[PDB]
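*Asks:* Going down the list, the protein sequences come from chains P and B. Sequential numbering from 192 applies to the first sequence in the UniProt record's numbering. Sequential numbering from 1 applies to the second sequence in the UniProt record's numbering. The structure is given below, and queries will be raised subsequently.
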Amino acid sequence: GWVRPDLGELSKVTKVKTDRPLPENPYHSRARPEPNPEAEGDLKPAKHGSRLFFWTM
Amino acid sequence: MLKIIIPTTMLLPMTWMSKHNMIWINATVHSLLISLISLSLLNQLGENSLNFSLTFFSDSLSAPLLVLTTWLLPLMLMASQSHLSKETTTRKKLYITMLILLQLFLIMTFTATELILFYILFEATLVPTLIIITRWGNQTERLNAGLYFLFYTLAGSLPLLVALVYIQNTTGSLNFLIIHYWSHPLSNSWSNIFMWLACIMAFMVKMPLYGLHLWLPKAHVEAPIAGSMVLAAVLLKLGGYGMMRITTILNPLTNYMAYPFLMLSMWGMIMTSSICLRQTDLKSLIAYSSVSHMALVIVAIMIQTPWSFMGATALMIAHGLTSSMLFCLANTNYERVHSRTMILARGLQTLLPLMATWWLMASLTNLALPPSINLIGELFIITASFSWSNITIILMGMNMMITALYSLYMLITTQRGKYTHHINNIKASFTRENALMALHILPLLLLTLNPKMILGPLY
């Protein structure tokens, strides 16, 4: 009671119902680094202009 | 101070598109008007420097130099009229532009607020004079004159720049007001000595100081007359204005490392004055005289006494009016005789009556008759130096005696005696150079009446 699979039939993507749990860390990744302090806040004119030598503004 | 800056830069378009013959009249009249406007700067409060703007401030030290520059500018304008007649109009306007640009940089230098801004225009005066000395000079050596004058000042200028930017990173500001008000004692760490040094030789190379002065005889005797006055009258004093400024923070180091420069100077003027007595060129004497007179100023600043600072200021302004007069006086003789040899044209009183006077008190102000401001500056230095050390008195007292020795010597070897009979081109003394000397001398006696305006902020 066996039928030869047609062309491309054996190349299809199949689905299975394995009862093992999905490995949470397959790569055994270490703790991810904390992000650098986020850039936010409002922008206001530079205090006392360029502040470089004799340039008041 | 833009009430002086704006009209001064406005002299450029006016002098650059005036008529081919009105450039002298126009430049002279409005420069004098600027001088009158600059005269209002004589007002000073008790101790608060006039803080007109964030980037401009003045006190009783800057204004007398400020008026000196502005009052001076018409004087080379009239002095240069003689030997600039044989020139094209475009080049003539170029000459006027250099003088006005030199003036404009001078006013910004004295009125500067922080040291770095002061440094930029301070040095910036090298460019206009470099063109003046080299392009419009008279002899082959002027090419070697410019390089000697340029590198000498620059060689000391660059260390100051490194120290100045180092000030900004450490103290946090370079503004003079904050530096003096946030002044802190300077430690004697071996780095701090060079820190002290880098802020000094920049000012003393152009003073000039004994040893580091060779550019002075190689430039003033050799520059065009118009460049000669501004070099001697003000440009040397640029070290003085800076040194009173930079000394506000460089303490208490001055106690130790003043010595290697002090007796370098103290043996200096006596040595230089000896050279003045034994010159062969006319302008060489006044140039060597200028460093001799400048030498007592070096002692005045460095000793750090209020009396010396007043003496430093008075001698500074008095020497500028004097040295300009003698350089103008030498130019008058050089023009007719086409040389500057001292004994070439001795005995000209019989032919030059008014000149012989213009020799007379100009040398007497060089001898510093009482109560001319020359002594008022000079005597204050003496009292300050004596309070520092009693044995000082013999040295510069002997110097002002050898100063007296030569200061009549050209009077004897230019006016006293008999004319040279082969010379026959000493014409009638033109009113131009004649009136030039009047404008030199009358402010000296006028300031003698009320000297209280030129002792600086310490008065």
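Don't be surprised by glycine CBs; every beta carbon is placed ideally from N, CA and C.
Less than 8 Å between C-beta atoms, sequence neighbours within five positions excluded: which residues of the same chain meet that for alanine 356 of chain B?
*Replies:* Within the same chain, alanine 356 of chain B has close Cβ partners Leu348, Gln349 and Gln415.
*Asks:* Three-state secondary structure (DSSP) at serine 58 of chain B?
*Replies:* Note: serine 58 of chain B maps to strand in three-state DSSP.
*Asks:* Taking the alpha-carbon of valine 67 of chain B as reference, which of B/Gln103, B/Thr89, B/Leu326 and B/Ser85 has the nearest alpha-carbon?
*Replies:* For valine 67 of chain B, the nearest C-alpha among the options comes from B/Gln103.
*Asks:* Using only the alpha-carbon positions, how far apart do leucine 405 of chain B and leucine 277 of chain B sit?
*Replies:* Roughly 7 Å between the two C-alpha positions.
*Asks:* Return the first residue and the last residue of the alpha helix (DSSP H) that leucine 150 of chain B is part of.
*Replies:* It spans 142-171 - the alpha helix (DSSP H) in which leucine 150 of chain B sits, taken as one unbroken run.
*Asks:* Let me make sure I understand the geometry here. Which of B/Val29, B/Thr431 and B/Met294 has the alpha-carbon closest to that of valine 234 of chain B?
*Replies:* Of B/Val29, B/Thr431 and B/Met294, the residue nearest in Cα terms is B/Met294.
*Asks:* Which value, in whole angstroms, describes the spacing of the CA atoms of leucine 150 of chain B and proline 451 of chain B?
*Replies:* Cα to Cα, the separation comes out at about 35 Å.
*Asks:* Taking its Cβ as the centre, do 16 or more other Cβ atoms sit within 10 Å of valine 207 of chain P, making it buried, or is it exposed?
*Replies:* Its Cβ having fewer than 16 others within 10 Å, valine 207 of chain P is exposed.
*Asks:* Using a C-beta to C-beta distance shorter than 8 Å, which residues of chain P count as neighbours of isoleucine 116 of chain B?
*Replies:* The answer, in chain order, is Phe244 and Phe245.
*Asks:* Between which two residues does the alpha helix (DSSP H) holding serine 189 of chain B run?
*Replies:* Element bounds for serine 189 of chain B: n/a, residue is neither H nor E.
*Asks:* If you draw a straight line from the alpha carbon of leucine 264 of chain B to that of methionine 204 of chain B, how long is it in whole angstroms?
*Replies:* Taking the straight line joining both Cα atoms gives about 12 Å.
*Asks:* Identify which residue in B/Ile131, B/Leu154 and B/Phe118 has its Cα closest to the Cα of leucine 101 of chain B.
*Replies:* That would be B/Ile131, whose Cα lies nearest to the Cα of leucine 101 of chain B.
*Asks:* If you scan the stretch 202-249 of chain B from start to end, which runs of the alpha helix (DSSP H) of 4 or more residues do you find wholly inside it?
*Replies:* DSSP runs (the alpha helix (DSSP H)) wholly in the stretch 202-249 of chain B: 215-219, 225-230 and 238-246.
*Asks:* How about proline 457 of chain B and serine 60 of chain B: do their beta carbons lie closer than 7 Å?
*Replies:* Yes, the pair counts as a contact, with Cβ atoms nearer than the cut-off.
*Asks:* Alpha carbon to alpha carbon, what distance is there between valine 291 of chain B and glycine 227 of chain B?
*Replies:* Distance between the alpha carbons of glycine 227 of chain B and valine 291 of chain B: 17 Å.
*Asks:* Please confirm whether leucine 367 of chain B and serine 407 of chain B have their CB atoms less than 7 Å apart.
*Replies:* Taking 7 Å as the Cβ cut-off, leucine 367 of chain B and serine 407 of chain B qualify as a contacting pair.
*Asks:* Between B/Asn333, B/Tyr334, B/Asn331 and B/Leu250, which has its C-alpha nearest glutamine 304 of chain B's C-alpha?
*Replies:* Cα-wise, what sits closest to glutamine 304 of chain B is B/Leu250.
*Asks:* Among all the DSSP beta bridges, which residues are the ones paired with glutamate 114 of chain B?
*Replies:* B/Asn175, per the DSSP bridge assignment.
*Asks:* Rounded to whole angstroms, how far is the Cβ of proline 7 of chain B from the Cβ of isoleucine 34 of chain B, which I believe are closer than 8 Å?
*Replies:* With a Cβ gap of about 6 Å, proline 7 of chain B and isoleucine 34 of chain B count as contacting.
*Asks:* If we count the other Cβ atoms within 10 Å of its Cβ and call it buried at 16 or more, is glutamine 44 of chain B buried or exposed?
*Replies:* Buried, since its Cβ has 16 or more Cβ neighbours within 10 Å.
*Asks:* In whole angstroms, what separates the C-alpha of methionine 207 of chain B from that of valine 297 of chain B?
*Replies:* Rounded to whole angstroms, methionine 207 of chain B to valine 297 of chain B spans 9 Å at the Cα level.
*Asks:* I'd like to know whether the C-beta of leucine 121 of chain B is nearer than 7 Å to at least one C-beta of chain P.
*Replies:* False, the Cβ-Cβ gap to chain P never drops below 7 Å.
*Asks:* Can you confirm whether the stretch 362-379 of chain B touches the stretch 333-348 of chain B when touching is taken to mean that 3 or more C-beta pairs between the two stretches lie within less than 8 Å?
*Replies:* Flag = no, the stretch 333-348 of chain B and the stretch 362-379 of chain B do not touch.
*Asks:* Between B/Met325, B/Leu160, B/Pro370 and B/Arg245, which has its C-alpha nearest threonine 313 of chain B's C-alpha?
*Replies:* Measuring from the Cα of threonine 313 of chain B, the nearest candidate turns out to be B/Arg245.
*Asks:* Output, in sequence order along the chain, the residues in the stretch 21-54 of chain B whose CB is closer than 8 Å to any CB in chain P.
*Replies:* Answer in chain order: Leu54.
*Asks:* At what residue ranges does the stretch 357-428 of chain B contain a whole run of the alpha helix (DSSP H), taking only runs of 4 or more?
*Replies:* Those alpha helix (DSSP H) runs which fall completely within the stretch 357-428 of chain B and span 4+ residues are 373-388, 393-407 and 409-414.
*Asks:* Would you give the residue range spanned by the alpha helix (DSSP H) that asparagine 331 of chain B belongs to?
*Replies:* Segment 306-337, the alpha helix (DSSP H) holding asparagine 331 of chain B.
*Asks:* Of the choices B/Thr171, B/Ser191 and B/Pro128, whose alpha-carbon is the least far from that of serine 183 of chain B?
*Replies:* The shortest Cα separation from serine 183 of chain B among B/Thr171, B/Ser191 and B/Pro128 belongs to B/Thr171.
*Asks:* Show which residues of chain P have a CB atom less than 9 Å away from the CB atom of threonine 170 of chain B.
*Replies:* Near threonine 170 of chain B there are no residues of chain P at all, since even the closest Cβ is about 15 Å away, more than 9 Å.
*Asks:* Along chain P, which residues have their Cβ under 9 Å away from the Cβ of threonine 113 of chain B?
*Replies:* Correct list: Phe245.
*Asks:* I need the straight-line Cα distance from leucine 143 of chain B to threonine 134 of chain B, nearest angstrom please.
*Replies:* Straight-line Cα distance between these residues: approximately 6 Å.
*Asks:* Give a yes or no on contact between the stretch 72-81 of chain B and the stretch 430-446 of chain B, applying the rule of three or more CB pairs nearer than 8 Å.
*Replies:* Contact between the stretch 72-81 of chain B and the stretch 430-446 of chain B is present, because at least three Cβ pairs lie under 8 Å.
*Asks:* Could you tell me whether the stretch 152-161 of chain B touches the stretch 209-228 of chain P, where touching means 3 or more Cβ pairs closer than 8 Å?
*Replies:* No, the stretch 152-161 of chain B does not touch the stretch 209-228 of chain P.
*Asks:* Alpha carbon to alpha carbon, what distance is there between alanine 112 of chain B and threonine 129 of chain B?
*Replies:* In a straight line, the C-alpha of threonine 129 of chain B is about 20 Å away from that of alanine 112 of chain B.
*Asks:* What does DSSP give as the partner residue(s) for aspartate 281 of chain B in the beta ladder?
*Replies:* BP columns for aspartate 281 of chain B point to B/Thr341.
*Asks:* Using a C-beta cutoff of 7 Å, does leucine 296 of chain B count as contacting chain D?
*Replies:* Among the chains of the structure shown, chain D does not appear; the protein chains present are P and B.
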